[PDB]
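Q: need the 3D shape of this:
(11 chains)
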Amino acid sequence: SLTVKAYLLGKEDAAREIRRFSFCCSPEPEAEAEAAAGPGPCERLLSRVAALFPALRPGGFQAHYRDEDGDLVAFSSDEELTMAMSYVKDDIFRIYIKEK
Amino acid sequence: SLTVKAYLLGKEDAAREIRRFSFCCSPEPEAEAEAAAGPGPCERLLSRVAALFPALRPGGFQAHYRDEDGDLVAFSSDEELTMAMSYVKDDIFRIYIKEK
Amino acid sequence: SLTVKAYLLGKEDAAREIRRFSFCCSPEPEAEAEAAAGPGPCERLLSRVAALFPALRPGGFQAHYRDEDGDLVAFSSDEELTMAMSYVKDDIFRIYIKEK
Amino acid sequence: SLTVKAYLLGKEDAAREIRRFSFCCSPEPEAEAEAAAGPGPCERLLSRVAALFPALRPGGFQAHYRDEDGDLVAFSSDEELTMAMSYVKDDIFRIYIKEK
Amino acid sequence: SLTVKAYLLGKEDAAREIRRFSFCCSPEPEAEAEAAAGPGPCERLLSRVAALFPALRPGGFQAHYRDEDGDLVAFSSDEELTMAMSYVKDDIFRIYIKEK
Amino acid sequence: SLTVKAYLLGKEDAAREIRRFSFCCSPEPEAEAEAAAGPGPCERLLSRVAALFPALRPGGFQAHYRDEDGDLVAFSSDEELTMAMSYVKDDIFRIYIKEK
Amino acid sequence: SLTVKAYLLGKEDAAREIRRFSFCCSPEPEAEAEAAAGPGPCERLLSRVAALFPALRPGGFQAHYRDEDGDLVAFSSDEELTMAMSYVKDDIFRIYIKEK
Amino acid sequence: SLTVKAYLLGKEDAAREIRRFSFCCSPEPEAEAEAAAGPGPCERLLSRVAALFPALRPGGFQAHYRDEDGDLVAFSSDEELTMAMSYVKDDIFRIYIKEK
Amino acid sequence: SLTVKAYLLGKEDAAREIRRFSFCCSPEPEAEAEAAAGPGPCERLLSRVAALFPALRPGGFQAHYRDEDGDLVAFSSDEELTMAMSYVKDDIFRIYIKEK
Amino acid sequence: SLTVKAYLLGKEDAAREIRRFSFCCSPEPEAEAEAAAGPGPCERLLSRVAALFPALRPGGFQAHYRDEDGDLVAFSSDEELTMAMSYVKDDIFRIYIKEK
Amino acid sequence: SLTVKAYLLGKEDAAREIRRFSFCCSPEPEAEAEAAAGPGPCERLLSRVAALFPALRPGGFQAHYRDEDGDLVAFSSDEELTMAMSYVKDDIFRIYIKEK
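A: Numbering: from 1, shown residues only, chains lettered A, B, ... in the order given. Here you go, the structure:
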């Protein structure tokens, strides 16, 4: 299991709302194309953040993760998630949520 | 139940009058053609706003709702109402009333 | 018993006069059509505010009550009164009186 | 699905009315010549904008879309629509409606 | 039994009112759909906090609980309650009440 | 018998006035609905504090009692009184009186 | 492997969006003219920045890299890339993305 | 029930050992002369203090209780115990144990 | 399960060594006289503290627990343990170990 | 793998030397009694700290780990190690080394 | 090639002398036991620092490297060097030299 921490950013980049959800270490929830048609972790995470942060649009936001440099990188692909977890050594995945 | 908030706009787009009414989560009040002859939610809402905002014409106004972008979209169809509620996560439906 | 507080608003929305009256928890003062011909609480309240606030017209004013959002909603129906009291938990009903 | 945003322009090129409609990602609604006799997306869009913007003529208007440069290009062909969508990366197609 | 401590937060995030209630270790008060139609602990807690904190709206507030990091996470689901109790080792469940 | 000590709090939460009254260990003074219509200890205590602390409103105050944590919990129910006495081992019930 | 960091510049030369991608130390992805018809690294990088920075045009931007002096040099040739990497000693290639 | 706290005093009247035992509010444990032959509370208390404070003699000590003045009064009679409890209002009986 | 925290006291009553062990909520480990011949929790705890605190004698020490007053009470009976746990609300039992 | 961080403490409890070693998540290095004769993790860790901290005795030191309270608990048993790791969520095990 | 930067520390942990040397990416300079009899990188580095920092003893010093936490870890084994380089992403290995 891997708890993912999300940080909501308003206009002054100030923490509006905080919420976390339990995630599986598994690559993807489903295997069939009826349930995985390419993505998996990204589409899963972006789903929870939507229901968790109703303050903004359901799918009208980008999640930005810090890199080795610290800069924000708006991720939106499973390939980018596998990389983002490579940074964190612990079982906590922090990310910066922003509404488009 | 779903409370619908209406905002009256004069000439300077300034809030003239504020009023709310309790609405049902149901699709339509009646089923017979004697009582539903196509519309339902739109005709119902537009009815209340008229009696609630006597300051203007009874049926000589358009209700504009914000979209995902924020822009105003003068709705006047049930199909447009079902969509407008899809935006709001809460049980409060805000709309911008304007007299023609 | 339920004390109703009224706030008179001039031109600058400034408290002109303040006055309160004792009201009954009962639905309506009378039952016969000779004394209740539809309304009850609204017609009763609007009656007192008139005699209490002679500064303006007797029946040429609208009483606006705050909602869950805080916005003003010019009430003028018994059905709207029962709802307005649902907001206040205490035995004090505050309202914003304005002359038309 | 693809929401198309339209902007009405008066005399001072000022936003008169705003309205949006849900569109299909599909090439055309119908395949038979009885229902597609050459056009498809253009004729479909121009149909909605007419019913949506009754303020002007039903078919006496031209829809202008921004290009790579930003300039307005009055489109009126399906071949031009497929190209216009190539600009927008998102699922929102903005266009400038003008009455002839 | 499990005593739940709630902390009311005004505008300056200062403790407005403090109140506690005795809760059952049981999963849910009732089993029938007439009495449990999905939720249980969340709907129960949120019910008490409403009657306990009349200072704000009855159901117009979000309860935020500290996580392993300490950040506030506005919970509103039974699945989130079972997790929140997993943090506290004692028989005291602290939470931060905020009115919407 | 059980002596109840009350502490009056001004603006600086400073002890304005101190007064005590002898109470009965009994559940309620009366049994008939003409004399007990639900409450008993709360309504009894709140009655004395009013006559004892005329400095403020008769029934426009809340009595807050310390819990196991020490925090103040504005009680106003008999069910809450039976619990408050469970804390004190002695025959002295201390409480913090505050005018609304 | 070599991570390339890109910096998006608006109108005030302020960092709009940040995103990184993993690159190969290899000269070119493919060798055949069907896949390398002259360029290689430039065309590859400019491809990613496009998909990564959809905020602007797909191929309507120039990437500027700092020199020994620090000044910006809009590169757009493989010969210029091999040189740009000669500056950085680490495995991180920073560049300034600007939309034309 | 009544918890009795005992304080052991060495040579410098310093608290050597602390220990408490649960006592009954009842006058005497037994009624028959085979079990009550005059004393009751004194003989009972002095019994526990012996087993509790083995540091000194089993029955070679005197228990001194504070009076209204505060001075120590070596009690050793049931008649003296009933009086000693009359001082304490709470359910805690403190006494000063000293070995002869 | 119940973790018991022990505090070693030298000559200056300063924490020499700290160590904890997991205990069972059960009354006693065994039931037969071959394994319970009267005691149970006391003999069990005093056993662990010995092996845990080899700094002093194996069975030449007394464990003192705080009471309602805070004073130290050298316990050495199962009847005293059941009482000591009645103080702590949590699942942590703190005690002051001293070598005789 | 699990990196264990050790902190050397002189006379003023000041960090004398810092050193870390890579450990296996496995229960024990060996299974045979020739290589595991009861202990495993404790004997393994205490072995490394000795070779790593030659400043003091090889086996004349105690490693103290923080608990839930924060206090130091001189561990020296495998059963105590499994518990110490239960505190840390990450893959880093910190401990306070002290020479006897 | 890999340049190793060393920092000399006096009494006030102030940078006394700075010096760097070019190192090989290779595991060890020699393979024969006449030239590698176990160590390699450590013995090589410690050799240069000696000739480079004649201010102190030739082999009477310890080199401390920062970890993931930042704390100093006096390394003196090849196994520790391979790990220290794993931290630095660049081709620069910084270390804190201290004379024993």
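
Q: identify the residues contacting the residue nearest in space to the middle of chain A.
A: Among the residues of chain A, residue A:45 comes closest to the average C-alpha position under CA atoms, centre = their mean, at 4.6 Å. For residue A:45, the contacting residues are A:4, A:23, A:63, A:81, A:95, by CB atoms under 8 Å, 6 or more residues apart in numbering or on different chains. C-beta: built from backbone N, CA, C; applies to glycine.

Q: next: residue A:97.
A: A:6-9, A:49, A:53, A:61, A:63.

Q: may I see those organised as TSV, with distance to residue B:73 added?
A: Converted to TSV, these look like this (distance: CB to CB, whole Å):
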residue	distance to residue B:73
A:6	30
A:7	32
A:8	27
A:9	27
A:49	27
A:53	24
A:61	21
A:63	28
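
Q: am I right that residue A:63 is in a strand?
A: Yes: the assignment for residue A:63 is a strand, going by DSSP: H, G, I helix; E, B strand; the rest coil.

Q: just list the residues touching it, thanks.
A: Residues in contact with residue A:63 (CB under 8 Å, 6+ apart) are A:6, A:45-46, A:49, A:74-76, A:95-98.

Q: closest to residue J:91 out of those residues?
A: Nearest to residue J:91, judged by CB to CB, of the contacts of residue A:63 is residue A:95 at 20.6 Å.

Q: how about the contacts of residue A:45, which pair is most distant?
A: The widest separation within those (CB to CB) is 13.5 Å, between A:23 and A:63.

Q: wait, isn't residue A:64 in contact with residue G:20?
A: No: Residue A:64 is beyond contact range of residue G:20, at 11.6 Å (criterion: CB atoms under 8 Å).

Q: kindly export whichever helix or strand residue A:51 is part of (C-alpha atoms) in PDB.
A: Element membership of residue A:51, judged by DSSP states H and E, is helix A:41-52. Written as PDB, here are the backbone C-alpha positions of helix A:41-52 (Å, rounded to 0.1, in the frame of the first residue of the first chain):
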ATOM      1  CA  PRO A  41      -2.000   4.800 -12.200                       C
ATOM      2  CA  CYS A  42      -2.400   8.300 -13.700                       C
ATOM      3  CA  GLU A  43      -6.100   7.800 -14.500                       C
ATOM      4  CA  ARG A  44      -6.600   6.200 -11.100                       C
ATOM      5  CA  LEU A  45      -4.900   9.000  -9.100                       C
ATOM      6  CA  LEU A  46      -6.600  11.800 -11.200                       C
ATOM      7  CA  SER A  47      -9.900  10.100 -10.500                       C
ATOM      8  CA  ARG A  48      -9.500  10.200  -6.600                       C
ATOM      9  CA  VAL A  49      -8.100  13.800  -6.600                       C
ATOM     10  CA  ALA A  50     -11.300  14.800  -8.500                       C
ATOM     11  CA  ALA A  51     -13.800  13.200  -6.000                       C
ATOM     12  CA  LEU A  52     -11.400  14.400  -3.100                       C
END
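
Q: show me how far it is from its chain's centre.
A: 6 Å (CA atoms, centre = their mean, to the nearest Å).

Q: residue A:2: what's it in contact with?
A: A:22-25, A:85, A:91-93.

Q: try 7 Å
A: A:23, A:25, A:91, A:93 (CB atoms under 7 Å, 6 or more residues apart in numbering or on different chains).

Q: redo those as a markdown table? Include secondary structure.
A: Compiled in a markdown table, those are given as follows (three-state DSSP):
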| residue | secondary structure |
| --- | --- |
| A:23 | strand |
| A:25 | coil |
| A:91 | coil |
| A:93 | strand |
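
Q: any of those buried? List them.
A: Among those, those scoring as buried are A:23, A:91, A:93 (criterion: 16 or more other CB atoms under 10 Å in any protein chain shown).

Q: TSV please, covering those and showing distance to residue G:68.
A: Conversion of those to TSV gives the following (distance: CB to CB, whole Å):
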residue	distance to residue G:68
A:23	46
A:91	44
A:93	39
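
Q: closest one to residue E:33 out of those residues, please.
A: residue A:23 (30.6 Å).

Q: so what's whichever residue of chain A sits closest to chain B closest to, chain neighbours aside?
A: Nearest to chain B, among the residues of chain A, is residue A:54, at 3.9 Å (CB to the nearest CB). In space, and not counting its chain neighbours, residue A:54 is closest to residue B:89: 3.9 Å by CB to CB, 6 or more residues apart in numbering or on different chains.

Q: and the gap between that neighbour and residue E:100?
A: With distances taken as CB to CB, to the nearest Å, residue B:89 is found 12 Å from residue E:100.

Q: who has more neighbours, these two?
A: Set side by side, residue B:89 and residue E:100 show more neighbours around residue B:89, with 15 against 11, by other CB atoms under 10 Å in any protein chain shown.

Q: the more buried one: what secondary structure?
A: Assignment for residue B:89 (three-state DSSP): coil.

Q: right, and it touches residue A:53 too?
A: No: contact status for residue B:89 versus residue A:53: not in contact, 9.9 Å apart, counting by CB atoms under 7 Å.

Q: from residue H:6, how far out is residue A:64?
A: Per CB to CB, residue A:64 is found 67 Å from residue H:6.

Q: next up, phi/psi of residue A:38, please.
A: Residue A:38 adopts backbone torsions of phi 120, psi -80, taken as degrees, to the nearest 10.

Q: count the residues that sit near the residue of chain A found nearest chain F.
A: Proximity of chain A to chain F (CB to the nearest CB) peaks at residue A:18, 23.4 Å away. Other residues within reach of residue A:18, judged by other CB under 10 Å, total 20.

Q: shouldn't it be in contact with residue E:68?
A: No: Residue A:18 is not in contact with residue E:68 according to CB under 7 Å; the separation is 12.0 Å.

Q: what is the burial count for the residue of chain A found nearest chain J?
A: Going by CB to the nearest CB, chain J is nearest to residue A:90 of chain A, at 4.6 Å. Close neighbours of residue A:90, defined as other CB under 10 Å, add up to 13.

Q: now do the same contact list for residue A:98.
A: With contact set as CB under 7 Å, 6+ apart, residue A:98 has these partners: A:9, A:61-62, A:64.

Q: which one of the buried ones among the contacts of residue A:2 is nearest to residue G:13?
A: residue A:93 (32.1 Å).

Q: now do the helices in chain A.
A: For chain A, applying DSSP state H gives helices covering A:41-52, A:78-87.
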